[PDB]
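K.L.:
Provided herewith is a single structure, encoded as structure tokens, for subsequent inquiry.
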Amino acid sequence: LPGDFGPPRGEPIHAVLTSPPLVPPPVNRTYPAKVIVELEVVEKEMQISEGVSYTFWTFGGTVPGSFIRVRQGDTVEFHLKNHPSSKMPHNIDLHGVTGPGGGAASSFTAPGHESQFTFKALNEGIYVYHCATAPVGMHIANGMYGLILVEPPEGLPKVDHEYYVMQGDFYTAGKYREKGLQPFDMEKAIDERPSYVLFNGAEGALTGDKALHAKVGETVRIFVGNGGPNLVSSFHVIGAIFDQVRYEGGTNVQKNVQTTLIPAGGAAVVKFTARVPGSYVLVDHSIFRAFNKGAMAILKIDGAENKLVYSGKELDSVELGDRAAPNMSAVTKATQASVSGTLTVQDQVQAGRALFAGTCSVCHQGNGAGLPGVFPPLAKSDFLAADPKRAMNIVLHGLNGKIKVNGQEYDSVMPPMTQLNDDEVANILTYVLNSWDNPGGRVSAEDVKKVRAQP
Amino acid sequence: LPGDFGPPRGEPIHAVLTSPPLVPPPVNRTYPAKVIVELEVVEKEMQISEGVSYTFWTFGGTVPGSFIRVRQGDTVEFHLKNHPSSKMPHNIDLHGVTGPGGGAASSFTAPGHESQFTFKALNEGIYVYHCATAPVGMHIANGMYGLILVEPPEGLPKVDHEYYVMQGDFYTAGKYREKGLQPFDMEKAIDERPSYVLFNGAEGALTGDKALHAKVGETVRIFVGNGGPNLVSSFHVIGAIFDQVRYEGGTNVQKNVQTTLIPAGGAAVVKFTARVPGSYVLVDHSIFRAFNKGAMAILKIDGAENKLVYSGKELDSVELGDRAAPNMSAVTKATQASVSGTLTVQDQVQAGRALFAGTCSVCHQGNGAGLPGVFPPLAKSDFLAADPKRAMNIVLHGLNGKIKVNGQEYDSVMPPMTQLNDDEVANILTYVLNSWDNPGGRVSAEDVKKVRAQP
Amino acid sequence: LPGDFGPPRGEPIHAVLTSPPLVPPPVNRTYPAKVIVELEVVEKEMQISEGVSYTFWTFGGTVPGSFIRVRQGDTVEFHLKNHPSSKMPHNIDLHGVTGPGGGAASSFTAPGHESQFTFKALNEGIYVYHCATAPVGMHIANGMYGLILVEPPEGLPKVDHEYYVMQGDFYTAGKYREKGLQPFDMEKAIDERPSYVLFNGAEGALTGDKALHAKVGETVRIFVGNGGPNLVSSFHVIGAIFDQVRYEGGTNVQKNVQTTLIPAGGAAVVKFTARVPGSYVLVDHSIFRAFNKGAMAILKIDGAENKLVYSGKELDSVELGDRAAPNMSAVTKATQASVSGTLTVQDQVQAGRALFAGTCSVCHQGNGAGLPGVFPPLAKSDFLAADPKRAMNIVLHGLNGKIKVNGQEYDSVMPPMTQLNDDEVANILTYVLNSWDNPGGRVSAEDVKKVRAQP
Ligand code: HEC
Ligand code: HEC
Ligand code: HEC
Ligand SMILES: [Cu+2]
Ligand SMILES: [Cu+2]
Ligand SMILES: [Cu+2]
Ligand SMILES: [Cu+2]
Ligand SMILES: [Cu+2]
Ligand SMILES: [Cu+2]
């Protein structure tokens with residue numbers, strides 16, 4: 001057989017698993033071992049977006065699940081526990097396992113139980129693991145996937161950083177950024193029409209203050225999975241190139257590519273060398289996923305600029321939108337205050353401030369000044385103040401034709417923004433009204449609901 | 001030119017074509033030949049699913065069409081007949097043909113006619129062939145695709161088994177498993193929203209008693225096509241690895257991968273070595289296709305277990321659902337009896353038995369016992385017997401909150417199952433009522449239609 | 001660093017950019033240079049289909065944008081101008097640029113402004129460039145993408161022809177071929193449900209009198225991009241094979257393939273050797289894109305037939321439909337005449353003539369003769385003349401069952417063609433009525449609207 005390094009030697013090893021985006025250290029071992037893996041399924045509510053809860057089903061309490069790292073030829077004794085608070089039964093299929101279901105029929109586990117099975121890791125590579133419990137699509141859609149690395153016997157070449165990034169498509173009853181606890185939507189899942197496409201199980205999981213880091217001159221290896229369930233990732237790094245891309249345990253290694261297709265259920269190891277400082281964006285280049293459904297992660301490189309290689313500036317809200325900023329915690333706070341019935345004007349203003357970035361600032365500027373004759377001002381805007389109800393209709397339904405703002409004529413087009421939720425329009429407009437010497441007061445989600453219902 | 005082995009020699013050869021999932025024997029020849037291919041288009045109703053008929057358009061009476069096997073450098077004299085019962089005209093485009101339309105403009109054939117054209121097979125490889133008659137998408141969607149192998153002059157390396165598997169997406173007016181003769185749906189086809197995604201033209205075409213077979217230690221080569229028309233396959237083998245994947249006649253060979261993307265209209269040769277016994281599942285790992293639309297095929301390996309490689313069990317209904325069992329012939333029978341107006345309680349019970357597997361058994365068990373305090377029993381269930389109408393609402397619309405069943409409290413969640421058709425809910429519940437000392441009687445499709453219409 | 005050929009030498013070079021489908025000449029240079037690129041964003045209405053206008057956003061006035069050609073190790077001084085008639089701000093992200101946003105944060109440009117940034121071209125290859133202005137998906141969907149080639153220092157091998165072909169998916173408020181100025185549809189874009197999938201920004205951009213050309217024996221290199229925003233191309237050449245496919249600046253080169261997957265935002269260089277004359281069709285083999293949404297381009301090879309390689313005929317309307325003919329200018333004319341209120345019977349007849357090809361001729365023949373007993377005649381048809389209103393219902397809703405036409409019984413099936421627009425049915429039927437000794441008169445779009453509204 002391949003990976004035939006004889007029976008386990010040394011002492012049994014209790015595998016150290018890591019939560020995303022971190023990876024366990026290299027096994028750093030010259031002999032095959034008995035590796036004991038203990039993984040516990042937890043079902044739990046987490047925020048899939050600010051003020052949006054979802055009941056995830058997880059391996060080890062995270063999406064993706066805990067990272068497993070073994071050596072080709074190891075004997076893996078796999079213990080799957082299902083937490084007693086679980087409502088569903090669960091199991092595991094590991095890609096790279098030689099045997100039926102990749103472990104599925106020997107890991108079937110009711111709430112409060114444990115199952116175990118043993119496999120030899122014959123196949124070197126990076127592999128997806130996921131739940132394989134009927135209905136399989138529902139279990140995977142809820143977050144039940146992760147990566148197992150089977151190292152080659154000599155180990156992978158040393159790098160400065162190893163990170164763990166996994167794409168998933170998600171199906172909520174509600175629309176993108178519609179607030180509240182969102183049920184799984186089986187109709188959207190069967191139709192392959194996700195409301196969110198994410199890295200590491202949430203909007204902003206790898207942006208702002210949760211960006212991945214490295215320094216100019218350092219090597220980064222990223223273990224990249226695609227849990228699906230349904231989508232194929234046009235996986236891409238903005239502003240850089242992959243030194244290498246290797247799929248699963250394939251003999252083929254592609255070098256010097258920027259855009260690579262990762263199948264649903266697929267995985268790849270990519271290598272990046274940091275050359276110049278700034279934010280390097282990992283996306284699904286099926287662009288509405290990256291820029292309208294959440295599929296953007298950041299590798300932030302710190303170090304000296306090299307003007308001979310790139311003379312230009314770090315990214316801002318023009319490219320990264322409301323994910324340029326460290327976090328949108330103000331949106332979470334305002335959503336919680338709406339639920340409690342304690343929502344203040346200032347709660348709305350700080351939420352609107354976070355949401356205004358990119359969404360409105362690309363044309364009206366971060367300071368609401370616009371560009372005289374080209375983009376009208378929101379700062380001290382006579383037009384805004386004259387009719388707050390018209391302002392709600394402009395965000396929902398757009399505006400075109402000649403207008404006069406602060407003594408100047410505009411003859412341009414503001415596209416409609418009907419995909420903004422009622423709370424988002426209300427918070428953005430309350431921010432604008434309470435900024436730049438505008439008249440203050442507030443716009444409520446309920447105000448916007450009535451305007452949406454009759455344009 | 002490539003494949004320049006001079007003029008045909010020896011005797012003209014009448015090509016032996018095979019129906020899926022079988023392949024013609026290796027050409028086993030050292031000289032180029034004149035190969036005469038005779039292929040006849042037949043339009044005909046076949047079962048796309050149990051009790052679901054569809055009018056397929058076929059090359060040779062099967063989906064995919066008859067497998068053609070020639071040698072690089074052969075002169076192929078291609079005869080396309082259109083059966084006189086056909087309503088549409090048809091033609092053929094073979095990938096790997098050097099010339100306009102791959103044969104399309106010289107193979108255009110009205111019902112009851114024959115066309116012929118000659119081509120030299122310059123290009124070694126595995127290639128899709130399909131109909132290229134306006135509207136091309138409708139002809140391909142109805143089943144008009146297959147494979148032609150152009151062998152290299154020295155032939156392919158010998159293996160124990162060669163099989164023929166081809167994925168297709170299908171567009172019915174009705175929903176998945178909605179019974180009756182289903183028309184082609186052009187709106188779903190243009191939208192790329194298939195109701196079925198299949199191997200070899202039907203649900204269960206390669207599962208249960210129609211699984212592919214091999215023995216521990218044997219090599220299997222699978223000629224894998226993707227007829228589309230629209231989908232890209234994340235083609236994957238559960239519990240195993242491909243020794244090799246080679247696309248069309250590409251110089252590139254990928255080795256040691258589990259998950260590979262097959263383009264719409266693409267084809268690949270994969271090689272598998274059987275290591276341990278059990279069912280190895282070929283899927284489109286765009287998981288709702290594999291587990292909700294029919295895209296699952298089985299390679300069943302018989303032979304000695306190796307507990308050093310895999311300690312675990314063969315797959316069952318937890319993973320393969322209602323395709324674990326040899327066949328669902330009882331569903332076909334019950335559908336026929338509904339049409340005839342002769343549907344008996346026992347017809348419903350045997351259909352419901354087949355459908356209960358995985359769909360209900362994953363939580364309630366194959367024997368309806370459930371798991372005390374975790375999954376309530378369907379066996380001798382006081383709760384079921386108290387209100388059969390409530391049971392219909394529970395399958396369609398789900399159940400949550402505290403209930404008491406056979407003296408025990410449950411506080412859990414049964415997801416809704418509204419994608420089940422009225423006949424499916426009726427048959428499953430009639431099976432349950434007539435099992436495990438439950439009260440008997442029956443639930444009709446019409447009973448379920450009324451409950452669906454007002455939750 | 002890679003591409004470390006020292007500082008720029010010689011004179012600064014003003015890059016010569018080309019409009020699709022042409023490519024600038026090889027740089028033909030042994031030293032690294034300072035290359036000045038000047039690219040101007042223009043927003044403008046163009047015909048996305050005959051009689052269908054769309055407001056495109058373009059780099060250099062075309063979709064795809066102007067082709068840029070530099071050498072690995074060049075210092076590129078990039079000048080982006082935004083035309084003063086623009087309503088939106090714009091920027092550029094070039095794949096293959098080493099630095100944040102690929103130029104995005106240093107190229108942000110309001111209407112009537114200019115931005116500049118400098119980069120070293122470290123990475124050899126073919127690369128997509130696109131707008132990266134919030135909302136990024138809307139800018140790319142409107143046409144803001146093109147290719148930059150970074151040549152290897154020794155240059156690419158010489159070929160007879162170099163062409164520029166770029167796929168895009170497009171989202172109109174109206175359905176496919178619905179006439180008038182079509183707004184961008186954000187709902188369809190987010191759902192990844194394009195109304196058009198095109199090469200070079202229009203239906204027929206590379207068909208008929210706009211086909212690419214070469215001669216038997218000549219080599220063709222095609223720089224193939226996929227601007228997306230959302231779709232992955234099953235990129236395929238009908239009737240031929242690619243000698244080579246190379247993605248971006250990848251070390252991997254695939255040889256001898258017919259079907260290759262291009263990611264959203266991806267690019268590839270393909271090489272084709274012309275062997276036999278005729279039309280070679282470039283498609284997205286996700287077949288409803290190629291044959292129902294516009295994703296078909298033609299490489300027309302002129303030269304001597306070789307009956308030893310391919311005995312068959314050039315393509316016609318059976319395969320290429322209404323794109324076999326040089327152009328459909330008559331449809332543009334009839335649409336303009338409807339807007340003006342000057343629409344004549346002859347305007348309708350010539351538009352219907354263009355649309356009848358393939359759509360109706362595949363079964364009824366180019367001369368309306370049909371095939372006695374199999375396809376009924378439209379030529380001198382007693383059945384057509386007896387009830388023009390029934391003829392409208394037959395095109396929209398199909399026809400089956402026994403009929404008698406010109407003394408012969410037919411018992412067959414004409415599929416419904418409800419995806420035809422009201423003007424298309426009206427023009428086709430007016431063409432038929434004014435041909436082949438039929439009674440004349442006309443059918444109006446308004447006649448068809450009333451029949452569609454009550455079958
Ligand atoms: C460009 C792509 C824009 C984005 C994004 C946003 N707005 Fe805008 N807005 C824009 C233009 C060109 C115009 C004028 C339209 C015309 O007919 O010429 C506007 C107009 C407004 C107004 C009214 C005028 C004013 O007070 O200055 C308001 C209140 C306004 N826009 C608000 C607004 C908000 C809140 C945005 C994000 C949600 C937003 N705009 C985005 C161009 C663009
Ligand atoms: C788990 C994923 C389940 C599947 C699949 C099916 N059912 Fe279920 N069912 C489940 C639970 C947890 C519960 C209790 C809900 C609660 O509020 O605590 C139920 C309940 C029922 C009942 C009523 C109670 C009883 O008689 O035991 C019925 C009649 C029932 N379920 C039927 C049923 C059928 C027919 C299924 C397949 C179609 C099915 N269930 C699937 C959990 C799960
Ligand atoms: C085959 C795939 C067809 C295409 C494409 C079109 N038509 Fe057709 N048509 C076809 C058949 C088999 C029949 C007879 C149906 C039967 O019940 O046996 C028809 C019938 C008509 C008729 C009425 C009969 C006649 O006058 O000959 C008309 C007026 C007609 N079809 C028009 C028509 C037009 C305008 C088409 C393109 C828009 C078209 N047909 C396409 C088969 C096929
Ligand atoms: Cu699970
Ligand atoms: Cu899997
Ligand atoms: Cu056909
Ligand atoms: Cu094809
Ligand atoms: Cu732009
Ligand atoms: Cu990009």
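Quick note on naming: the chains in the structure tokens go A, B, ... in the order shown, residues restart at 1 in each chain, and ligands are numbered from 1 in order of appearance.
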Could you please extract the residues within 9 Å of ligand 8, counting only C-alpha atoms and all ligand atoms, and hand them back as a PyMOL selection string?
P.N.:
chain C and resi 41+57-59+88-92+130-136+138-140+142-144
K.L.:
Enumerate the residues of region 240-377 of chain C with a DSSP assignment of strand (DSSP E or B), computed from the backbone, and present them as a short mmCIF file (atom, residue, chain, number, x, y, z; two decimals) with N, CA, C and O atoms, in the first residue's frame.
P.N.:
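Listing of selection-v9.cif after writing:
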```cif
data_model
loop_
_atom_site.label_atom_id
_atom_site.label_comp_id
_atom_site.auth_asym_id
_atom_site.auth_seq_id
_atom_site.Cartn_x
_atom_site.Cartn_y
_atom_site.Cartn_z
N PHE C 242 -7.39 22.60 -28.63
CA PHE C 242 -6.35 23.59 -28.29
C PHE C 242 -5.03 22.83 -28.23
O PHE C 242 -4.90 21.88 -27.45
N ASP C 243 -4.03 23.27 -28.99
CA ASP C 243 -2.66 22.74 -28.87
C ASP C 243 -2.16 22.94 -27.44
O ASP C 243 -1.50 22.06 -26.91
N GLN C 244 -2.47 24.09 -26.84
CA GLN C 244 -1.98 24.48 -25.51
C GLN C 244 -3.02 25.36 -24.86
O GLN C 244 -3.66 26.16 -25.56
N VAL C 245 -3.11 25.24 -23.54
CA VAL C 245 -3.89 26.15 -22.65
C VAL C 245 -2.99 26.47 -21.47
O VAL C 245 -2.54 25.55 -20.79
N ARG C 246 -2.77 27.75 -21.23
CA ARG C 246 -1.94 28.23 -20.10
C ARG C 246 -2.75 29.28 -19.36
O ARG C 246 -3.18 30.24 -19.98
N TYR C 247 -2.95 29.08 -18.06
CA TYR C 247 -3.71 30.02 -17.22
C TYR C 247 -2.78 31.05 -16.63
O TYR C 247 -1.72 30.67 -16.14
N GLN C 254 -1.36 22.90 -20.07
CA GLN C 254 -2.14 21.73 -20.55
C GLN C 254 -2.03 21.70 -22.08
O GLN C 254 -2.06 22.79 -22.70
N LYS C 255 -1.84 20.53 -22.67
CA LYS C 255 -1.80 20.40 -24.15
C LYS C 255 -2.89 19.43 -24.62
O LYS C 255 -3.18 18.43 -23.92
N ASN C 256 -3.47 19.71 -25.79
CA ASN C 256 -4.39 18.77 -26.48
C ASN C 256 -5.69 18.61 -25.66
O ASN C 256 -6.00 17.48 -25.31
N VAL C 257 -6.39 19.70 -25.37
CA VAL C 257 -7.72 19.65 -24.70
C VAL C 257 -8.66 20.50 -25.53
O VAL C 257 -8.18 21.45 -26.19
N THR C 259 -11.91 21.39 -23.93
CA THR C 259 -12.87 21.95 -22.96
C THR C 259 -12.06 22.33 -21.71
O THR C 259 -11.37 21.44 -21.17
N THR C 260 -12.13 23.58 -21.28
CA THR C 260 -11.31 24.01 -20.14
C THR C 260 -12.09 25.01 -19.27
O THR C 260 -12.65 25.96 -19.80
N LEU C 261 -11.93 24.95 -17.96
CA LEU C 261 -12.75 25.78 -17.07
C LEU C 261 -11.96 27.06 -16.78
O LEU C 261 -10.82 26.95 -16.28
N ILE C 262 -12.54 28.20 -17.09
CA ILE C 262 -11.93 29.51 -16.78
C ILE C 262 -12.69 30.12 -15.61
O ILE C 262 -13.86 30.47 -15.70
N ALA C 267 -8.01 34.18 -16.66
CA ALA C 267 -7.58 34.34 -18.06
C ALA C 267 -6.65 33.21 -18.46
O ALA C 267 -5.92 32.65 -17.64
N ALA C 268 -6.62 32.93 -19.76
CA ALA C 268 -5.84 31.82 -20.33
C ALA C 268 -5.36 32.23 -21.71
O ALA C 268 -6.00 33.08 -22.34
N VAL C 269 -4.21 31.71 -22.10
CA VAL C 269 -3.76 31.82 -23.52
C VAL C 269 -4.00 30.45 -24.13
O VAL C 269 -3.52 29.46 -23.56
N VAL C 270 -4.74 30.39 -25.23
CA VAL C 270 -4.97 29.13 -25.96
C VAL C 270 -4.30 29.26 -27.33
O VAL C 270 -4.16 30.39 -27.86
N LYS C 271 -3.85 28.14 -27.85
CA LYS C 271 -3.23 28.06 -29.20
C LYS C 271 -3.99 27.03 -30.02
O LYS C 271 -4.29 25.96 -29.50
N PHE C 272 -4.32 27.37 -31.26
CA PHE C 272 -5.14 26.58 -32.22
C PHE C 272 -4.34 26.52 -33.52
O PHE C 272 -3.69 27.52 -33.87
N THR C 273 -4.29 25.34 -34.14
CA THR C 273 -3.68 25.18 -35.48
C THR C 273 -4.82 24.83 -36.44
O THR C 273 -5.52 23.85 -36.22
N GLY C 278 -13.69 25.99 -42.36
CA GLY C 278 -15.05 26.12 -41.82
C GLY C 278 -15.05 26.98 -40.58
O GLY C 278 -13.99 27.58 -40.26
N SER C 279 -16.19 27.03 -39.91
CA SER C 279 -16.47 27.83 -38.70
C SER C 279 -16.22 26.96 -37.48
O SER C 279 -16.83 25.87 -37.38
N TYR C 280 -15.31 27.42 -36.63
CA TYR C 280 -14.99 26.82 -35.32
C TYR C 280 -15.58 27.73 -34.26
O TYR C 280 -15.29 28.94 -34.22
N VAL C 281 -16.44 27.16 -33.44
CA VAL C 281 -17.31 27.92 -32.51
C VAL C 281 -16.66 27.89 -31.15
O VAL C 281 -16.49 26.82 -30.61
N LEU C 282 -16.37 29.07 -30.62
CA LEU C 282 -15.99 29.21 -29.21
C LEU C 282 -17.27 29.41 -28.41
O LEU C 282 -18.07 30.31 -28.74
N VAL C 283 -17.45 28.62 -27.37
CA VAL C 283 -18.67 28.65 -26.54
C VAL C 283 -18.25 28.55 -25.07
O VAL C 283 -17.16 27.99 -24.76
N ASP C 284 -19.18 28.95 -24.22
CA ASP C 284 -19.28 28.42 -22.83
C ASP C 284 -20.13 27.17 -22.95
O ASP C 284 -21.30 27.30 -23.36
N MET C 296 -21.43 32.71 -27.92
CA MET C 296 -20.87 31.98 -29.07
C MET C 296 -20.08 32.98 -29.90
O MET C 296 -20.57 34.12 -30.11
N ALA C 297 -18.85 32.59 -30.22
CA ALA C 297 -17.96 33.36 -31.11
C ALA C 297 -17.44 32.42 -32.20
O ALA C 297 -17.46 31.19 -32.02
N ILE C 298 -17.00 32.97 -33.34
CA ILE C 298 -16.60 32.15 -34.53
C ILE C 298 -15.16 32.48 -34.93
O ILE C 298 -14.84 33.68 -35.06
N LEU C 299 -14.36 31.44 -35.12
CA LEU C 299 -13.09 31.49 -35.87
C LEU C 299 -13.37 30.80 -37.20
O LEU C 299 -13.64 29.59 -37.20
N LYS C 300 -13.36 31.58 -38.28
CA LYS C 300 -13.66 31.13 -39.67
C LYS C 300 -12.33 30.87 -40.37
O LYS C 300 -11.52 31.80 -40.51
N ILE C 301 -12.11 29.61 -40.79
CA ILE C 301 -10.88 29.14 -41.46
C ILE C 301 -11.23 28.98 -42.93
O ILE C 301 -12.23 28.27 -43.28
N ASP C 302 -10.45 29.64 -43.77
CA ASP C 302 -10.57 29.52 -45.25
C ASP C 302 -9.40 28.69 -45.76
O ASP C 302 -8.32 28.74 -45.17
N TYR C 310 -11.80 15.24 -42.76
CA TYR C 310 -13.22 15.54 -42.49
C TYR C 310 -13.92 15.67 -43.84
O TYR C 310 -13.53 16.54 -44.63
N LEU C 371 -41.27 18.72 -44.44
CA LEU C 371 -40.95 17.35 -44.88
C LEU C 371 -42.27 16.61 -44.86
O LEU C 371 -42.85 16.39 -43.80
N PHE C 375 -42.82 17.17 -40.93
CA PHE C 375 -42.89 18.60 -40.57
C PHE C 375 -43.79 19.29 -41.58
O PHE C 375 -43.48 19.31 -42.77
#
```
K.L.:
Please report as a PyMOL selection string which residues of chain C come no farther than 7 Å from chain A, using only C-alpha atoms.
P.N.:
chain C and resi 87+95-103+105-106+117-120+132-134+136-137+190-191+228-231+248-252+263-266
K.L.:
Would you pick out the contacts of region 181-189 of chain A at 7 Å or less, using only C-alpha atoms, so that residues sharing its chain but fewer than 3 positions from it are not included, and give the list as a list in words?
P.N.:
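The residues satisfying every condition are residues 52, 53, 54, 171, 172, 173, 174, 192, 193 and 194 of chain A.
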K.L.:
Determine, using only C-alpha atoms and all ligand atoms, which residues of chain B have any atom at most 9 Å from an atom of ligand 2, and tabulate each with its shortest atom pair and distance in Å to one decimal place, rows ordered by chain and then rising number, as a Markdown table.
P.N.:
```
| residue | atom | partner | partner_atom_place_in_ligand_line | distance |
| --- | --- | --- | --- | --- |
| B:355 | CA | ligand 2 | 38 (C) | 8.2 |
| B:356 | CA | ligand 2 | 37 (C) | 6.1 |
| B:357 | CA | ligand 2 | 37 (C) | 8.6 |
| B:358 | CA | ligand 2 | 5 (C) | 7.3 |
| B:359 | CA | ligand 2 | 37 (C) | 5.1 |
| B:360 | CA | ligand 2 | 37 (C) | 3.4 |
| B:361 | CA | ligand 2 | 5 (C) | 6.8 |
| B:362 | CA | ligand 2 | 5 (C) | 5.7 |
| B:363 | CA | ligand 2 | 1 (C) | 4.4 |
| B:364 | CA | ligand 2 | 7 (N) | 6.2 |
| B:368 | CA | ligand 2 | 27 (O) | 8.5 |
| B:369 | CA | ligand 2 | 27 (O) | 8.9 |
| B:370 | CA | ligand 2 | 27 (O) | 7.8 |
| B:373 | CA | ligand 2 | 18 (O) | 8.9 |
| B:374 | CA | ligand 2 | 12 (C) | 6.6 |
| B:375 | CA | ligand 2 | 12 (C) | 4.9 |
| B:376 | CA | ligand 2 | 27 (O) | 4.1 |
| B:377 | CA | ligand 2 | 27 (O) | 4.3 |
| B:378 | CA | ligand 2 | 27 (O) | 4.7 |
| B:379 | CA | ligand 2 | 27 (O) | 7.9 |
| B:380 | CA | ligand 2 | 26 (O) | 8.5 |
| B:381 | CA | ligand 2 | 26 (O) | 5.1 |
| B:382 | CA | ligand 2 | 26 (O) | 6.8 |
| B:383 | CA | ligand 2 | 26 (O) | 4.6 |
| B:384 | CA | ligand 2 | 26 (O) | 4.2 |
| B:385 | CA | ligand 2 | 26 (O) | 7.8 |
| B:388 | CA | ligand 2 | 29 (C) | 8.2 |
| B:390 | CA | ligand 2 | 29 (C) | 7.9 |
| B:391 | CA | ligand 2 | 29 (C) | 4.7 |
| B:392 | CA | ligand 2 | 29 (C) | 7.8 |
| B:394 | CA | ligand 2 | 28 (C) | 6.2 |
| B:395 | CA | ligand 2 | 38 (C) | 5.4 |
| B:396 | CA | ligand 2 | 38 (C) | 8.4 |
| B:398 | CA | ligand 2 | 8 (Fe) | 7.8 |
| B:399 | CA | ligand 2 | 17 (O) | 4.9 |
| B:400 | CA | ligand 2 | 17 (O) | 3.4 |
| B:401 | CA | ligand 2 | 17 (O) | 4.2 |
| B:402 | CA | ligand 2 | 17 (O) | 5.3 |
| B:403 | CA | ligand 2 | 17 (O) | 5.6 |
| B:404 | CA | ligand 2 | 24 (C) | 8.0 |
| B:405 | CA | ligand 2 | 27 (O) | 5.9 |
| B:406 | CA | ligand 2 | 27 (O) | 8.3 |
| B:409 | CA | ligand 2 | 18 (O) | 7.8 |
| B:410 | CA | ligand 2 | 18 (O) | 4.3 |
| B:411 | CA | ligand 2 | 18 (O) | 3.9 |
| B:412 | CA | ligand 2 | 18 (O) | 3.5 |
| B:413 | CA | ligand 2 | 12 (C) | 4.6 |
| B:414 | CA | ligand 2 | 10 (C) | 4.1 |
| B:415 | CA | ligand 2 | 2 (C) | 6.5 |
| B:416 | CA | ligand 2 | 41 (C) | 8.6 |
| B:417 | CA | ligand 2 | 38 (C) | 6.9 |
| B:420 | CA | ligand 2 | 38 (C) | 8.0 |
| B:424 | CA | ligand 2 | 38 (C) | 8.6 |
| B:425 | CA | ligand 2 | 38 (C) | 6.7 |
| B:428 | CA | ligand 2 | 35 (C) | 6.1 |
| B:429 | CA | ligand 2 | 35 (C) | 5.8 |
| B:432 | CA | ligand 2 | 35 (C) | 7.1 |
```
